[PDB]
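> Structure file coords-v2.pdb, PDB, C-alpha atoms and all ligand atoms, is pasted below:
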```pdb
MODEL        1
ATOM      1  CA  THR A   2       0.000   0.000   0.000
ATOM      2  CA  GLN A   3       0.955   3.738  -0.328
ATOM      3  CA  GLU A   4       3.628   4.719   2.312
ATOM      4  CA  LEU A   5       4.222   8.284   0.898
ATOM      5  CA  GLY A   6       0.645   9.663   0.629
ATOM      6  CA  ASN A   7      -1.041   8.108   3.688
ATOM      7  CA  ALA A   8      -1.076  11.419   5.632
ATOM      8  CA  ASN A   9      -4.201  13.077   4.163
ATOM      9  CA  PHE A  10      -6.592  12.883   1.186
ATOM     10  CA  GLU A  11      -4.607  15.519  -0.852
ATOM     11  CA  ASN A  12      -1.322  13.497  -0.508
ATOM     12  CA  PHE A  13      -3.164  10.192  -1.329
ATOM     13  CA  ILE A  14      -4.651  11.523  -4.649
ATOM     14  CA  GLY A  15      -1.249  13.207  -5.341
ATOM     15  CA  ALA A  16       0.662   9.904  -4.738
ATOM     16  CA  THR A  17      -1.734   7.750  -6.910
ATOM     17  CA  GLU A  18      -3.824   9.598  -9.604
ATOM     18  CA  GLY A  19      -1.777  12.875  -9.474
ATOM     19  CA  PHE A  20      -3.440  16.250 -10.380
ATOM     20  CA  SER A  21      -4.199  17.714 -13.861
ATOM     21  CA  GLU A  22      -2.403  21.090 -14.452
ATOM     22  CA  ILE A  23      -5.950  22.699 -14.337
ATOM     23  CA  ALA A  24      -6.717  21.221 -10.840
ATOM     24  CA  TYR A  25      -3.208  22.088  -9.423
ATOM     25  CA  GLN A  26      -3.179  25.644 -10.920
ATOM     26  CA  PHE A  27      -6.852  26.308  -9.855
ATOM     27  CA  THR A  28      -6.147  25.166  -6.236
ATOM     28  CA  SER A  29      -2.894  27.259  -6.232
ATOM     29  CA  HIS A  30      -4.737  30.474  -7.369
ATOM     30  CA  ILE A  31      -7.696  29.936  -4.930
ATOM     31  CA  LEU A  32      -5.264  29.543  -1.934
ATOM     32  CA  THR A  33      -3.321  32.694  -3.100
ATOM     33  CA  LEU A  34      -6.643  34.652  -3.425
ATOM     34  CA  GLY A  35      -7.381  33.315   0.107
ATOM     35  CA  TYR A  36      -4.366  34.963   1.847
ATOM     36  CA  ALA A  37      -4.591  38.006  -0.532
ATOM     37  CA  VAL A  38      -8.154  38.759   0.831
ATOM     38  CA  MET A  39      -6.890  38.381   4.487
ATOM     39  CA  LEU A  40      -4.138  41.022   3.760
ATOM     40  CA  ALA A  41      -6.829  43.361   2.277
ATOM     41  CA  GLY A  42      -9.057  42.573   5.321
ATOM     42  CA  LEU A  43      -6.168  43.433   7.732
ATOM     43  CA  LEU A  44      -5.786  46.940   6.159
ATOM     44  CA  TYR A  45      -9.616  47.442   6.115
ATOM     45  CA  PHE A  46      -9.998  46.729   9.895
ATOM     46  CA  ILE A  47      -6.886  48.892  10.723
ATOM     47  CA  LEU A  48      -8.055  51.925   8.618
ATOM     48  CA  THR A  49     -11.776  51.764   9.748
ATOM     49  CA  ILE A  50     -11.293  51.407  13.573
ATOM     50  CA  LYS A  51     -11.743  55.245  13.866
ATOM     51  CA  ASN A  52     -15.349  54.837  12.449
ATOM     52  CA  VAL A  53     -16.636  53.037  15.653
ATOM     53  CA  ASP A  54     -17.030  54.335  19.269
ATOM     54  CA  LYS A  55     -14.308  53.083  21.731
ATOM     55  CA  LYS A  56     -17.008  50.754  23.184
ATOM     56  CA  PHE A  57     -16.889  48.497  20.060
ATOM     57  CA  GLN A  58     -13.189  48.832  18.975
ATOM     58  CA  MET A  59     -12.245  45.494  20.690
ATOM     59  CA  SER A  60     -14.346  43.792  17.886
ATOM     60  CA  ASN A  61     -12.313  45.616  15.144
ATOM     61  CA  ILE A  62      -9.043  44.684  17.011
ATOM     62  CA  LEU A  63      -9.968  40.928  17.129
ATOM     63  CA  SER A  64     -10.923  41.106  13.378
ATOM     64  CA  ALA A  65      -7.393  42.577  12.713
ATOM     65  CA  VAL A  66      -5.603  39.826  14.785
ATOM     66  CA  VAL A  67      -7.683  37.120  12.934
ATOM     67  CA  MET A  68      -6.621  38.687   9.553
ATOM     68  CA  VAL A  69      -2.893  38.595  10.664
ATOM     69  CA  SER A  70      -3.027  34.863  11.705
ATOM     70  CA  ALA A  71      -5.194  33.971   8.616
ATOM     71  CA  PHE A  72      -2.886  35.824   6.122
ATOM     72  CA  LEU A  73       0.281  34.231   7.667
ATOM     73  CA  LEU A  74      -1.093  30.634   7.946
ATOM     74  CA  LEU A  75      -3.053  30.586   4.599
ATOM     75  CA  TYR A  76       0.121  32.004   2.908
ATOM     76  CA  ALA A  77       1.971  28.976   4.464
ATOM     77  CA  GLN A  78      -0.872  26.646   3.207
ATOM     78  CA  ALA A  79      -0.475  28.097  -0.358
ATOM     79  CA  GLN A  80       3.349  27.554  -0.284
ATOM     80  CA  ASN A  81       2.747  24.042   1.186
ATOM     81  CA  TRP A  82       0.543  23.258  -1.904
ATOM     82  CA  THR A  83       2.967  24.424  -4.689
ATOM     83  CA  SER A  84       6.015  22.823  -2.902
ATOM     84  CA  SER A  85       4.281  19.428  -2.188
ATOM     85  CA  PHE A  86       3.424  18.601  -5.885
ATOM     86  CA  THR A  87       5.816  18.672  -8.942
ATOM     87  CA  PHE A  88       5.017  18.176 -12.674
ATOM     88  CA  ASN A  89       6.025  14.880 -14.389
ATOM     89  CA  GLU A  90       6.606  15.565 -18.154
ATOM     90  CA  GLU A  91       6.265  11.755 -18.864
ATOM     91  CA  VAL A  92       2.641  11.465 -17.508
ATOM     92  CA  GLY A  93       1.708  15.206 -17.872
ATOM     93  CA  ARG A  94       0.254  15.583 -14.321
ATOM     94  CA  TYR A  95       1.393  16.867 -10.850
ATOM     95  CA  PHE A  96       2.458  14.153  -8.312
ATOM     96  CA  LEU A  97       3.482  14.200  -4.591
ATOM     97  CA  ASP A  98       7.219  15.208  -4.692
ATOM     98  CA  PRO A  99       9.328  12.959  -2.379
ATOM     99  CA  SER A 100      12.160  15.601  -2.212
ATOM    100  CA  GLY A 101       9.693  18.271  -0.904
ATOM    101  CA  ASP A 102       7.712  18.401   2.391
ATOM    102  CA  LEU A 103       4.328  16.561   2.070
ATOM    103  CA  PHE A 104       0.997  18.545   1.900
ATOM    104  CA  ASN A 105      -0.312  19.398   5.416
ATOM    105  CA  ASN A 106      -3.773  20.810   6.437
ATOM    106  CA  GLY A 107      -2.191  21.543   9.893
ATOM    107  CA  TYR A 108      -1.601  25.198   8.762
ATOM    108  CA  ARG A 109      -5.402  25.709   8.284
ATOM    109  CA  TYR A 110      -6.307  23.613  11.424
ATOM    110  CA  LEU A 111      -3.887  25.693  13.611
ATOM    111  CA  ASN A 112      -5.457  28.893  12.118
ATOM    112  CA  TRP A 113      -8.938  27.536  13.179
ATOM    113  CA  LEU A 114      -7.753  26.848  16.803
ATOM    114  CA  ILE A 115      -6.517  30.518  17.049
ATOM    115  CA  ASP A 116      -9.391  32.310  15.169
ATOM    116  CA  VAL A 117     -12.547  30.293  16.201
ATOM    117  CA  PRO A 118     -12.296  31.581  19.834
ATOM    118  CA  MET A 119     -11.629  35.225  18.717
ATOM    119  CA  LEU A 120     -14.435  35.174  16.054
ATOM    120  CA  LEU A 121     -16.944  33.800  18.683
ATOM    121  CA  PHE A 122     -15.655  36.232  21.399
ATOM    122  CA  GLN A 123     -15.744  39.461  19.277
ATOM    123  CA  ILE A 124     -19.583  39.652  18.820
ATOM    124  CA  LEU A 125     -19.863  39.966  22.679
ATOM    125  CA  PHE A 126     -18.099  43.398  22.327
ATOM    126  CA  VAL A 127     -20.730  44.791  19.831
ATOM    127  CA  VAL A 128     -23.976  43.308  21.365
ATOM    128  CA  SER A 129     -25.188  43.499  25.011
ATOM    129  CA  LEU A 130     -26.535  40.196  26.444
ATOM    130  CA  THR A 131     -29.792  40.486  28.502
ATOM    131  CA  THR A 132     -30.264  37.501  30.896
ATOM    132  CA  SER A 133     -26.903  35.703  30.079
ATOM    133  CA  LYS A 134     -23.477  36.406  31.746
ATOM    134  CA  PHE A 135     -20.588  37.532  29.413
ATOM    135  CA  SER A 136     -18.128  35.106  31.173
ATOM    136  CA  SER A 137     -20.538  32.091  30.805
ATOM    137  CA  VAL A 138     -20.977  32.675  27.003
ATOM    138  CA  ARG A 139     -17.206  33.384  26.552
ATOM    139  CA  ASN A 140     -16.275  30.125  28.445
ATOM    140  CA  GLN A 141     -18.925  28.055  26.531
ATOM    141  CA  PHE A 142     -17.589  29.443  23.180
ATOM    142  CA  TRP A 143     -13.824  28.967  24.003
ATOM    143  CA  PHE A 144     -14.301  25.372  25.373
ATOM    144  CA  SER A 145     -16.686  24.038  22.638
ATOM    145  CA  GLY A 146     -14.611  25.812  19.907
ATOM    146  CA  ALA A 147     -11.278  24.271  21.085
ATOM    147  CA  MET A 148     -12.932  20.793  21.492
ATOM    148  CA  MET A 149     -14.660  21.085  18.041
ATOM    149  CA  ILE A 150     -11.249  21.819  16.346
ATOM    150  CA  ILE A 151      -9.271  19.218  18.459
ATOM    151  CA  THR A 152     -11.732  16.298  17.820
ATOM    152  CA  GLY A 153     -11.909  17.458  14.140
ATOM    153  CA  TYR A 154      -8.057  17.438  13.898
ATOM    154  CA  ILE A 155      -7.883  13.926  15.524
ATOM    155  CA  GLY A 156     -10.607  12.668  13.089
ATOM    156  CA  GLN A 157      -8.644  14.134  10.102
ATOM    157  CA  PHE A 158      -5.661  11.730  10.817
ATOM    158  CA  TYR A 159      -7.906   8.652  10.069
ATOM    159  CA  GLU A 160      -9.335  10.347   6.883
ATOM    160  CA  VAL A 161      -7.730   7.799   4.425
ATOM    161  CA  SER A 162      -6.774   4.814   6.697
ATOM    162  CA  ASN A 163      -9.943   4.350   8.896
ATOM    163  CA  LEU A 164     -13.252   5.989   7.724
ATOM    164  CA  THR A 165     -15.110   4.609  10.844
ATOM    165  CA  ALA A 166     -12.795   6.702  13.133
ATOM    166  CA  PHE A 167     -12.954   9.651  10.615
ATOM    167  CA  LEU A 168     -16.799   9.900  10.886
ATOM    168  CA  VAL A 169     -17.086   9.137  14.675
ATOM    169  CA  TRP A 170     -14.586  11.956  15.603
ATOM    170  CA  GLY A 171     -16.309  14.124  12.899
ATOM    171  CA  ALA A 172     -19.694  13.493  14.647
ATOM    172  CA  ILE A 173     -18.144  14.229  18.120
ATOM    173  CA  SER A 174     -16.756  17.476  16.523
ATOM    174  CA  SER A 175     -20.273  18.155  15.031
ATOM    175  CA  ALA A 176     -21.750  17.805  18.594
ATOM    176  CA  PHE A 177     -19.611  20.774  19.857
ATOM    177  CA  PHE A 178     -20.464  22.609  16.554
ATOM    178  CA  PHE A 179     -24.281  22.340  17.233
ATOM    179  CA  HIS A 180     -23.713  23.663  20.821
ATOM    180  CA  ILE A 181     -21.831  26.736  19.348
ATOM    181  CA  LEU A 182     -24.723  27.431  16.851
ATOM    182  CA  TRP A 183     -27.260  27.065  19.748
ATOM    183  CA  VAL A 184     -25.350  29.593  21.982
ATOM    184  CA  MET A 185     -24.663  31.970  19.019
ATOM    185  CA  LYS A 186     -28.449  32.095  18.179
ATOM    186  CA  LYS A 187     -29.163  32.837  21.918
ATOM    187  CA  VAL A 188     -26.430  35.596  21.828
ATOM    188  CA  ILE A 189     -27.903  37.112  18.586
ATOM    189  CA  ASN A 190     -31.505  37.019  20.024
ATOM    190  CA  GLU A 191     -30.359  38.857  23.242
ATOM    191  CA  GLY A 192     -28.279  41.122  20.900
ATOM    192  CA  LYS A 193     -31.534  42.196  19.119
ATOM    193  CA  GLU A 194     -33.176  43.280  22.448
ATOM    194  CA  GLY A 195     -32.139  46.896  23.302
ATOM    195  CA  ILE A 196     -30.993  48.034  19.762
ATOM    196  CA  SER A 197     -32.584  49.956  16.798
ATOM    197  CA  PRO A 198     -34.469  48.043  14.035
ATOM    198  CA  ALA A 199     -31.523  48.908  11.660
ATOM    199  CA  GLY A 200     -29.094  47.031  14.008
ATOM    200  CA  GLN A 201     -31.536  44.076  14.432
ATOM    201  CA  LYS A 202     -31.483  43.744  10.571
ATOM    202  CA  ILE A 203     -27.610  43.480  10.492
ATOM    203  CA  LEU A 204     -27.678  40.852  13.361
ATOM    204  CA  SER A 205     -30.193  38.824  11.223
ATOM    205  CA  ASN A 206     -27.635  38.876   8.310
ATOM    206  CA  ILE A 207     -24.736  38.060  10.735
ATOM    207  CA  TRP A 208     -26.736  34.959  11.895
ATOM    208  CA  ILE A 209     -27.348  33.686   8.292
ATOM    209  CA  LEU A 210     -23.695  34.423   7.277
ATOM    210  CA  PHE A 211     -22.472  32.665  10.497
ATOM    211  CA  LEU A 212     -24.825  29.649   9.959
ATOM    212  CA  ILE A 213     -23.892  29.106   6.249
ATOM    213  CA  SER A 214     -20.150  30.081   6.440
ATOM    214  CA  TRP A 215     -19.521  27.736   9.466
ATOM    215  CA  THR A 216     -21.576  24.832   7.921
ATOM    216  CA  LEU A 217     -19.216  24.847   4.837
ATOM    217  CA  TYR A 218     -16.378  23.458   7.088
ATOM    218  CA  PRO A 219     -17.909  20.036   8.000
ATOM    219  CA  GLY A 220     -19.028  20.032   4.310
ATOM    220  CA  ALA A 221     -15.378  20.432   3.131
ATOM    221  CA  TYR A 222     -14.257  17.861   5.816
ATOM    222  CA  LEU A 223     -16.707  15.253   4.337
ATOM    223  CA  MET A 224     -16.212  16.478   0.683
ATOM    224  CA  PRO A 225     -14.124  13.434  -0.483
ATOM    225  CA  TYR A 226     -16.841  10.906   0.644
ATOM    226  CA  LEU A 227     -20.093  12.733  -0.449
ATOM    227  CA  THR A 228     -20.287  10.453  -3.597
ATOM    228  CA  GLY A 229     -18.906   7.192  -2.002
ATOM    229  CA  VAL A 230     -15.345   5.657  -2.080
ATOM    230  CA  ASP A 231     -15.370   5.399  -5.955
ATOM    231  CA  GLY A 232     -17.306   8.684  -6.541
ATOM    232  CA  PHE A 233     -16.799  11.847  -8.702
ATOM    233  CA  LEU A 234     -15.401  13.649  -5.557
ATOM    234  CA  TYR A 235     -12.980  10.788  -4.526
ATOM    235  CA  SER A 236     -10.400  12.417  -6.858
ATOM    236  CA  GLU A 237      -8.585  15.736  -7.658
ATOM    237  CA  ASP A 238     -12.175  17.189  -7.978
ATOM    238  CA  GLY A 239     -12.790  16.439  -4.243
ATOM    239  CA  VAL A 240      -9.446  18.226  -3.446
ATOM    240  CA  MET A 241     -10.432  21.225  -5.694
ATOM    241  CA  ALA A 242     -13.957  21.518  -4.133
ATOM    242  CA  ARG A 243     -12.614  21.161  -0.526
ATOM    243  CA  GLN A 244      -9.865  23.874  -0.795
ATOM    244  CA  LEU A 245     -12.394  26.128  -2.683
ATOM    245  CA  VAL A 246     -15.093  25.656   0.062
ATOM    246  CA  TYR A 247     -12.422  26.127   2.834
ATOM    247  CA  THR A 248     -11.363  29.445   1.121
ATOM    248  CA  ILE A 249     -15.027  30.640   0.610
ATOM    249  CA  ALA A 250     -15.716  29.688   4.288
ATOM    250  CA  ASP A 251     -12.507  31.384   5.662
ATOM    251  CA  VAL A 252     -13.295  34.616   3.656
ATOM    252  CA  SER A 253     -17.002  34.607   4.781
ATOM    253  CA  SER A 254     -16.417  33.544   8.469
ATOM    254  CA  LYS A 255     -13.568  36.020   9.030
ATOM    255  CA  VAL A 256     -13.646  38.920   6.569
ATOM    256  CA  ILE A 257     -17.409  39.304   5.731
ATOM    257  CA  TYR A 258     -18.317  38.416   9.391
ATOM    258  CA  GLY A 259     -15.962  41.224  10.595
ATOM    259  CA  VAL A 260     -17.338  43.764   8.038
ATOM    260  CA  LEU A 261     -20.980  43.144   9.243
ATOM    261  CA  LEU A 262     -19.949  43.472  12.969
ATOM    262  CA  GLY A 263     -18.149  46.769  12.104
ATOM    263  CA  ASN A 264     -21.299  47.922  10.239
ATOM    264  CA  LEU A 265     -23.375  46.891  13.338
ATOM    265  CA  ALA A 266     -20.898  48.801  15.605
ATOM    266  CA  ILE A 267     -21.268  51.902  13.282
ATOM    267  CA  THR A 268     -25.158  51.861  13.263
ATOM    268  CA  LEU A 269     -25.056  51.529  17.129
ATOM    269  CA  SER A 270     -22.308  54.232  17.604
ATOM    270  CA  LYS A 271     -23.048  57.901  16.837
ATOM    271  CA  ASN A 272     -26.501  57.035  15.473
ATOM    272  CA  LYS A 273     -29.202  58.188  18.015
TER
HETATM  273  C1  LIG B   1     -11.852  31.279  10.728
HETATM  274  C2  LIG B   1     -12.142  29.805  10.616
HETATM  275  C3  LIG B   1     -13.276  29.200  11.077
HETATM  276  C4  LIG B   1     -14.490  29.919  11.479
HETATM  277  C5  LIG B   1     -13.306  27.793  11.188
HETATM  278  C6  LIG B   1     -14.342  26.984  11.572
HETATM  279  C7  LIG B   1     -14.291  25.620  11.710
HETATM  280  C8  LIG B   1     -15.339  24.698  11.904
HETATM  281  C9  LIG B   1     -16.703  25.226  12.218
HETATM  282  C10 LIG B   1     -15.100  23.332  11.753
HETATM  283  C11 LIG B   1     -15.812  22.314  12.308
HETATM  284  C12 LIG B   1     -15.741  20.913  11.967
HETATM  285  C13 LIG B   1     -16.841  20.137  12.088
HETATM  286  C14 LIG B   1     -18.213  20.652  12.419
HETATM  287  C15 LIG B   1     -16.803  18.644  11.933
HETATM  288  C16 LIG B   1     -15.595  18.135  11.160
HETATM  289  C17 LIG B   1     -14.360  18.819  11.627
HETATM  290  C18 LIG B   1     -14.414  20.344  11.484
HETATM  291  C19 LIG B   1     -13.248  20.918  12.310
HETATM  292  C20 LIG B   1     -14.199  20.694  10.000
HETATM  293  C1  LIG B   2      -9.309  14.723  22.623
HETATM  294  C2  LIG B   2     -10.425  14.528  23.623
HETATM  295  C3  LIG B   2     -11.690  13.927  23.048
HETATM  296  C4  LIG B   2     -12.926  14.083  23.915
HETATM  297  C5  LIG B   2     -14.177  13.442  23.366
HETATM  298  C6  LIG B   2     -15.447  13.881  24.060
HETATM  299  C1  LIG B   3     -12.987  32.693  -2.663
HETATM  300  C2  LIG B   3     -13.551  34.094  -2.805
HETATM  301  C3  LIG B   3     -14.650  34.453  -1.830
HETATM  302  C4  LIG B   3     -15.872  35.178  -2.414
HETATM  303  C5  LIG B   3     -16.597  36.185  -1.512
HETATM  304  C6  LIG B   3     -18.102  35.981  -1.341
HETATM  305 KR    KR B   4      -7.306  47.397  14.586
HETATM  306 KR    KR B   5       0.928  40.885   8.048
HETATM  307 KR    KR B   6      -1.467  36.302  15.427
HETATM  308 KR    KR B   7       4.754  36.492   4.397
HETATM  309 KR    KR B   8     -22.204  19.172  10.920
HETATM  310 KR    KR B   9     -20.811  26.987  22.861
HETATM  311 KR    KR B  10     -26.399  33.843  25.331
HETATM  312 KR    KR B  11      -6.223  19.250  -7.027
HETATM  313 KR    KR B  12     -16.668  34.119  -0.023
HETATM  314 NA    NA B  13       5.470  22.572  -7.919
ENDMDL
END
```
Turn the structure described in the file into structure tokens.
Ligand SMILES: *C/C=C(C)/C=C/C=C(C)/C=C/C1=C(C)CCCC1(C)C
Ligand SMILES: CCCCCC
Ligand SMILES: CCCCCC
Ligand SMILES: [Kr]
Ligand SMILES: [Kr]
Ligand SMILES: [Kr]
Ligand SMILES: [Kr]
Ligand SMILES: [Kr]
Ligand SMILES: [Kr]
Ligand SMILES: [Kr]
Ligand SMILES: [Kr]
Ligand SMILES: [Kr]
Ligand code: NA

Amino acid sequence: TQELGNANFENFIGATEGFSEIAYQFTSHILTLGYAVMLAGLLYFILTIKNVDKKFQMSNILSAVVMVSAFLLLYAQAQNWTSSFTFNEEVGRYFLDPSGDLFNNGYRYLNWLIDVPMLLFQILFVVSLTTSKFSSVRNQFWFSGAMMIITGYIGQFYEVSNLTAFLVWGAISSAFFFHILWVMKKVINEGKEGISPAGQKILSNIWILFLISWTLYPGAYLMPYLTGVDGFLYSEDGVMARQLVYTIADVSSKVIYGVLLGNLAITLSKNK
């Protein structure tokens, strides 16, 4: 069996079928566009912090720190892609390069462990809770977020070798995920009490963005197996789709999320 590409799904397909120049180039450009948008996000949150009352600026700060970590780690992920796979002129495809370092989703997973807590935390600086304690929500978010990403990371090891383990850890991870959604809805509901109808409208959009953007991750996790073990997506197409959904998700969950919280902060601040 394959000793080289046993690490993850990307390595496996790279070590066996290889990637068409279209698939490799597409994935390369989408990862580059990924970190490019984080760098543009970083400068947006820096330049706009003066547009919100001091009260809300901790949200804009956390957006900025998320953009820094995202840019740096997704830049690493992009380099990790182009370095891991070299062209073979004989076969006319890209294959896992033994002389390079093997492809590694650890860059993105580490980014998640850092950003998930900050992203969950930062809404508590724009909204006021009603009947819930700030510390309780914070602790619930931080714990469930860490556990979601840790169980998810553990599950990701058994992605190729043991699908039973892959899905069980994935389901454990999904349990913590559903708890986060449940608390976030509660937070957003309490957030709507006490604010103008304009601000309640933005919180509605934040909720839908949050719900969709965050649901793309377990989608991308499962992406290789959504058509079976011999399916359309058990190929370079599964790798394409996954890295594309991860990028869409990362841009929506971090950058768009942050822009809507800043907009919320602005309609709250200086608007009477
Ligand atoms: C800035 C990056 C963000 C918001 C990352 C979010 C990550 C998740 C919501 C991932 C959760 C997962 C599951 C629900 C099950 C499978 C494993 C994960 C980690 C992909
Ligand atoms: C890594 C710890 C797993 C806990 C499962 C509930
Ligand atoms: C991968 C680009 C993200 C598109 C913004 C909605
Ligand atoms: Kr900032
Ligand atoms: Kr940076
Ligand atoms: Kr950081
Ligand atoms: Kr860099
Ligand atoms: Kr899920
Ligand atoms: Kr939570
Ligand atoms: Kr809450
Ligand atoms: Kr690919
Ligand atoms: Kr997106
Ligand atoms: Na290469």
> Compile the contact shell of residue 111 of chain A as a PyMOL selection string: residues with an atom at most 10 Å away, counting only C-alpha atoms, same-chain residues fewer than 6 positions apart removed.
chain A and resi 70-71+74+150-151+154
> When distances are computed from all atoms listed in the file, which of A:34, A:5, A:44, A:257 shows the smallest separation from ligand KR 4 (chain B)?
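Using all atoms listed in the file, ligand KR 4 (chain B) sits closest to A:44.
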> Please find the residues contacting ligand KR 9 (chain B) at a distance of at most 12 Å between atoms, with only C-alpha atoms and all ligand atoms counted, and report them as a PyMOL selection string.
chain A and resi 117-118+121-122+136-149+175-188
> List the residues matched by the PyMOL selection byres (((chain A and resi 67) around 8) and not hetatm) in the displayed structure as an mmCIF file with C-alpha atoms, keeping the file's coordinate frame, ordered by chain and then by residue number.

```
data_model
loop_
_atom_site.group_PDB
_atom_site.id
_atom_site.type_symbol
_atom_site.label_atom_id
_atom_site.label_comp_id
_atom_site.auth_asym_id
_atom_site.auth_seq_id
_atom_site.Cartn_x
_atom_site.Cartn_y
_atom_site.Cartn_z
ATOM 1 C CA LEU A 63 -9.968 40.928 17.129
ATOM 2 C CA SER A 64 -10.923 41.106 13.378
ATOM 3 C CA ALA A 65 -7.393 42.577 12.713
ATOM 4 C CA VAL A 66 -5.603 39.826 14.785
ATOM 5 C CA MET A 68 -6.621 38.687 9.553
ATOM 6 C CA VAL A 69 -2.893 38.595 10.664
ATOM 7 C CA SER A 70 -3.027 34.863 11.705
ATOM 8 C CA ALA A 71 -5.194 33.971 8.616
ATOM 9 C CA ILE A 115 -6.517 30.518 17.049
ATOM 10 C CA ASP A 116 -9.391 32.310 15.169
ATOM 11 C CA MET A 119 -11.629 35.225 18.717
ATOM 12 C CA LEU A 120 -14.435 35.174 16.054
ATOM 13 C CA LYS A 255 -13.568 36.020 9.030
#
```
> Here's the selection I'm unsure about, the PyMOL selection byres (((not hetatm)) within 12 of (chain B and resi 7)); applied to the file above, which residues does it give, as a ChimeraX atom specification?
/A:33,36-37,39-40,69-80
> For atom CA of residue 258 of chain A and atom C8 of ligand LIG 1 (chain B), quote the distance in Å rounded to one decimal.
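Going from atom CA of residue 258 of chain A over to atom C8 of ligand LIG 1 (chain B) covers 14.3 Å.
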> Given only C-alpha atoms and all ligand atoms, how would the per-residue table for chain A near ligand KR 8 (chain B) read, listing every residue at most 10 Å away with its closest atom pair and distance in Å to one decimal, sorted by chain and number, as a Markdown table?

```
| residue | atom | partner | partner_atom | distance |
| --- | --- | --- | --- | --- |
| A:171 | CA | B:KR8 | KR | 8.0 |
| A:172 | CA | B:KR8 | KR | 7.2 |
| A:173 | CA | B:KR8 | KR | 9.6 |
| A:174 | CA | B:KR8 | KR | 8.0 |
| A:175 | CA | B:KR8 | KR | 4.7 |
| A:176 | CA | B:KR8 | KR | 7.8 |
| A:177 | CA | B:KR8 | KR | 9.4 |
| A:178 | CA | B:KR8 | KR | 6.8 |
| A:179 | CA | B:KR8 | KR | 7.4 |
| A:215 | CA | B:KR8 | KR | 9.1 |
| A:216 | CA | B:KR8 | KR | 6.4 |
| A:217 | CA | B:KR8 | KR | 8.8 |
| A:218 | CA | B:KR8 | KR | 8.2 |
| A:219 | CA | B:KR8 | KR | 5.3 |
| A:220 | CA | B:KR8 | KR | 7.4 |
| A:222 | CA | B:KR8 | KR | 9.5 |
| A:223 | CA | B:KR8 | KR | 9.4 |
```
> Step by step, measure atom-to-atom distances between ligand NA 13 (chain B) and each residue using only C-alpha atoms and all ligand atoms, keep those at most 8 Å, then write them as a ChimeraX atom specification.
/A:82-88,95
> Give, as AutoDock Vina command-line options, the centre coordinates and the x, y and z edge lengths in Å to one decimal for an axis-aligned box around all listed atoms of ligand LIG 3 (chain B), padded by 8 Å on each side.

```
--center_x -15.5 --center_y 34.4 --center_z -2.1 --size_x 21.1 --size_y 19.5 --size_z 17.5
```
> Using all atoms listed in the file, which of A:57, A:45, A:104, A:113 sits nearest residue 128 of chain A?
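Of A:57, A:45, A:104, A:113, the one nearest residue 128 of chain A, counting all atoms listed in the file, is A:57.
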> Using only C-alpha atoms and all ligand atoms, which of A:107, A:35, A:195, A:239 sits nearest ligand KR 11 (chain B)?
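Of A:107, A:35, A:195, A:239, the one nearest ligand KR 11 (chain B) is A:239, counting only C-alpha atoms and all ligand atoms.
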> Which one is closest to residue 245 of chain A: A:213, A:199, A:221, A:268? Count all atoms listed in the file.
A:221
> Nearest to ligand KR 11 (chain B) among A:252, A:8, A:24, A:32, with distances taken over only C-alpha atoms and all ligand atoms: which residue is it?
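Result for the nearest residue to ligand KR 11 (chain B): A:24.
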> With distances taken over only C-alpha atoms, which of A:203, A:92, A:124, A:47 is nearest to residue 62 of chain A?
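Ranking A:203, A:92, A:124, A:47 by distance to residue 62 of chain A, first place goes to A:47.
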> Dump the neighbourhood of ligand KR 11 (chain B) as a PDB file with C-alpha atoms, in the coordinates of the input: all residues within 7 Å, distances computed on all atoms listed in the file.

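As a result, pocket-v3.pdb now contains:
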```pdb
ATOM      1  CA  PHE A  20      -3.440  16.250 -10.380  1.00  0.00           C
ATOM      2  CA  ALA A  24      -6.717  21.221 -10.840  1.00  0.00           C
ATOM      3  CA  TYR A  25      -3.208  22.088  -9.423  1.00  0.00           C
ATOM      4  CA  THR A  28      -6.147  25.166  -6.236  1.00  0.00           C
ATOM      5  CA  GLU A 237      -8.585  15.736  -7.658  1.00  0.00           C
ATOM      6  CA  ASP A 238     -12.175  17.189  -7.978  1.00  0.00           C
ATOM      7  CA  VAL A 240      -9.446  18.226  -3.446  1.00  0.00           C
ATOM      8  CA  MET A 241     -10.432  21.225  -5.694  1.00  0.00           C
TER       9      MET A 241
END
```
> Could you work out how far atom CA of residue 158 of chain A lies from atom CA of residue 246 of chain A, giving the answer in Å with one decimal?
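It comes out at 20.0 Å.
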> Report as a count of residues only the full result of the PyMOL selection byres (((chain A and resi 16) around 6) and not hetatm) when it is applied to this structure.
8
> Counting only C-alpha atoms and all ligand atoms, which residues in chain A sit no more than 8 Å from ligand KR 12 (chain B)? For each one, give the nearest pair of atoms and the distance in Å, sorted by chain then residue number, as JSON lines.

```
{"residue": "A:248", "atom": "CA", "partner": "B:KR12", "partner_atom": "KR", "distance": 7.2}
{"residue": "A:249", "atom": "CA", "partner": "B:KR12", "partner_atom": "KR", "distance": 3.9}
{"residue": "A:250", "atom": "CA", "partner": "B:KR12", "partner_atom": "KR", "distance": 6.3}
{"residue": "A:251", "atom": "CA", "partner": "B:KR12", "partner_atom": "KR", "distance": 7.6}
{"residue": "A:252", "atom": "CA", "partner": "B:KR12", "partner_atom": "KR", "distance": 5.0}
{"residue": "A:253", "atom": "CA", "partner": "B:KR12", "partner_atom": "KR", "distance": 4.8}
{"residue": "A:257", "atom": "CA", "partner": "B:KR12", "partner_atom": "KR", "distance": 7.8}
```
> In Å to one decimal, how far is atom CA of residue 152 of chain A from atom CA of residue 165 of chain A?
14.0 Å
